[PDB]
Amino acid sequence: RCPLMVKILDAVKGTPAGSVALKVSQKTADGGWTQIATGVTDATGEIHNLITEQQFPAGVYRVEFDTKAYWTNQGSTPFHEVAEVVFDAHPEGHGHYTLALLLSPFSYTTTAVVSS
């Protein structure tokens, strides 16, 4: 029932990516951003209770994943400064969002699963 979920995997080690820091922001009508939550994945590459339903109204959201610190801690030199995922939420109605992210030092894949 958590409206926004993440699932982060490490494609080098074949494990989830633990202790990846992230920030969730909401777009403002002027095109700026307001931070609504921060979090850190657990050893399963997930975050519980990131945000509540009330904090998640329809609109455009940005999730910034601090992948550079993840790789630096892993002993690898990464390419990207950050990984940002930007999307409109609820352009139709309700439902829950899971942002899947697969990380390599010089690449990432991101997909969404949108369900109800």
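Sequential numbering from 1, following the sequence displayed.
Asker: Taking the mean of the C-alpha B-factors per stretch from the entry, tell me the winner out of 27 to 35 and 71 to 79.
Answerer: The stretch with the larger mean CA B-factor is 27 to 35.
Asker: Between 39 to 47 and 55 to 63, which has the larger average Cα B-factor in the PDB entry?
Answerer: It is 55 to 63.
Asker: Looking at the entry's B-factor column for C-alpha atoms only, identify whether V113 ranks in the lowest, middle or highest third of its chain.
Answerer: For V113, whose C-alpha B-factor we compare with every modelled residue in the chain, the answer is the middle third.
Asker: Determine, from the deposited record, the chain-internal third of the Cα B-factor for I8: lowest, middle or highest.
Answerer: Lowest third - that is where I8 ends up once the chain's C-alpha B-factors are sorted.
Asker: Relative to the other modelled residues of the same chain, rank the CA B-factor of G14 and answer lowest, middle or highest third.
Answerer: Its C-alpha B-factor, which the entry lists for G14, ranks in the middle third among residues of this chain.
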